[PDB]
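Below, in structure tokens: the form deposited in one PDB entry, a single chain.
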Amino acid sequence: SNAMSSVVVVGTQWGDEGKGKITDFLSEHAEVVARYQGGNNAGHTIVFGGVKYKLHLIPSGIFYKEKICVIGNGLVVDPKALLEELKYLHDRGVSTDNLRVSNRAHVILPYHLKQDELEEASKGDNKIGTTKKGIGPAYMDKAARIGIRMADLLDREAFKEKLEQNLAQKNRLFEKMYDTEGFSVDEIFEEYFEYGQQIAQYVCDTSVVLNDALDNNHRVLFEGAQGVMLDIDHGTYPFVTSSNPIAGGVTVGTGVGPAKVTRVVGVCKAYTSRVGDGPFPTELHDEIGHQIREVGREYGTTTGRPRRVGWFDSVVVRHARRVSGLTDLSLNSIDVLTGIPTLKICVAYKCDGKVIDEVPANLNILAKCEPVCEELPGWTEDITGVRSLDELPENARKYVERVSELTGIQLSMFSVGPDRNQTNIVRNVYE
């Protein structure tokens, strides 16, 4: 490229914004694609070359042999899950020579999965509704500075020593705090060290990889997981994930300076959803909510568990604009709102009679926020083949325009269906 070209794709809501197909789309012209936080709690389905894939840890660019795909230091990586994903790709003829895994990423082990389950049980009605993938406990071990990293996993002596130290504490935790069974040093070592040996070929300093690309004008794309409202700092704490999905997470999570990001695409669904527990001011429980859930396919891919759905919440997206420095808006799933005569967009919260434009930091106060909404007329046309704003039925265009007006973010892309070819470009985010 002419000059530095670096784009971050972030979810502006509580995950499931449709970031996956937007990253897939932007991947087409990127040279490097990088994850920067989270673990296998992430995921999106892609049908590539007529074959269905669901990636959880591996970045979107993997399907293109010539694009470098980076798992940054900011992630928590379950080696077993990573190898299952690699095998799935390989069995379908996808090479993964282009994968790069940070030597400083943290490693999720079986005790993290059990700790996740036990912590959730202990919280009773205050449970977070985590993905049960050990994410929280791995990030806790990182902060505790007892966590095991990829560099350690590759070292026969170091991995054994850290397991011995860690299991000494964790087994006492399980046995004495939770009255349950723990794990075995030797069994975890033998199984997971072998996983490490299969991953070793990809392990390197990924900050060097990304900065070499950035400094030499290669197009770099950063792929966010979860979304701003699940951010450990800026989301609906404690009903959040234990990492930073905001664009800022790219800097700490890959080792790049903050000025090395040129554009931040905030991906918003035309309505909102939550998978786990916690406040959700615009949540719906009516026939419209059911229609949105059904048409939007808002169910767990694996479990079929219904997600919570609600009207678009512009308070949340204006919050995301600020804390994540959003420069560009991608509005997805507009087709899901087809056939609903009156649509609503939440423009403010009412909190004990007081109308506010902020997400309160105090959960008890946020839990009291009632949505204050504008109503907009809907449309009946099938818009799943539409190619431009001009082509949209008047009311659908007005709805799209109103989202950009209310959020203060210029529209750069919109999507009218779940497929990659249903993404329409309004503005180029690469220069």
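In this text, the rigid core denotes the largest set of C-alpha atoms whose superposition between the two forms falls within 1.5 Å. For every residue, the number given is its place in the sequence shown, counted from 1.
Although not depicted, the form deposited in another entry is the subject of the following passage.
- Per-residue Cα shift between the shown form and the other one after core alignment stays below 2 Å for all of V355, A200, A144, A361 except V355.
- Core-superposed comparison between the shown form and the other one: CA of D335 displaced by 2 Å or more.
- Superposition on the rigid core between the shown form and the other one places the CA atom of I288 2 Å or more away from its counterpart.
- Annotation: Cα of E66 displaced by less than 2 Å between the shown form and the other one, core superposition.
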